[PDB]
Each structure stands twice: as structure tokens, then as C-alpha cells.
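Below, in C-alpha cells: the form deposited in one PDB entry, a single chain.
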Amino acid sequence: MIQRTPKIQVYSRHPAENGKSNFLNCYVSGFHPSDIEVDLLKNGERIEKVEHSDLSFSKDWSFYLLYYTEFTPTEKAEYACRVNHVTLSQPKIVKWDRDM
């Protein structure tokens, strides 16, 4: 058996074909087992509609998840990603920094 804690990165991207649009991303990488719970949060509340959830694996024991959706960050509100995994005794919340 192997278990590996996810690395979690939270960032924003504009798709080059539609640069006025902005996407909030949570990239959860290198984890095992694959069982996981991932949410995007706005003011601590689960964003119910997340458009994209892309899961892959490299080696049989390393999984990668890109979880992302369109958003409009203003100076109002706080955004984050929350991850639950067997390796994490408490949920891990990683805040989005507007500079990322």
C-alpha cells in the first residue's frame, strides 16, 4: 500500500481564445489513494456549479485533479479550495490569492 498527501495549488487563468473570461482553478496533485473530496469555496460556501473536473494518473499510485470553473474576482469575497483526503487529519483549505 502507498499513501501520498495531495499538493494543492489555487490560481486563476484566462483562456487565450476568450481572454475577458477568468477561471478559478484548484490543482490537486500527486495523491494516493484516489479517494478525495475537493470543493471550490466562495465566502466559505461550496460553489455548487464547477464546470470542469479532470482526473488522471501517472504511475498507478499518483493521481492528478484539475477542478476549475468560470468566476469574476472583485475586491469583494474570499475564494478557496478545500480538500479532504485520508492523509489529511483536518480538511485543508488553501485560499486563492488575487495575485495568482
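Residue numbers run from 1 along the displayed sequence.
- Look at the C-alpha B-factors of 1 to 9 and of 91 to 99. On average they run higher in 91 to 99.
- For the two regions 18 to 26 and 78 to 86, the entry's Cα B-factors average higher over 18 to 26.
- Of all the options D35, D39, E70, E45, the entry's greatest CA B-factor is assigned to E45.
- In this PDB entry, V50 carries a Cα temperature factor that places it within the highest third of its chain's modelled residues.
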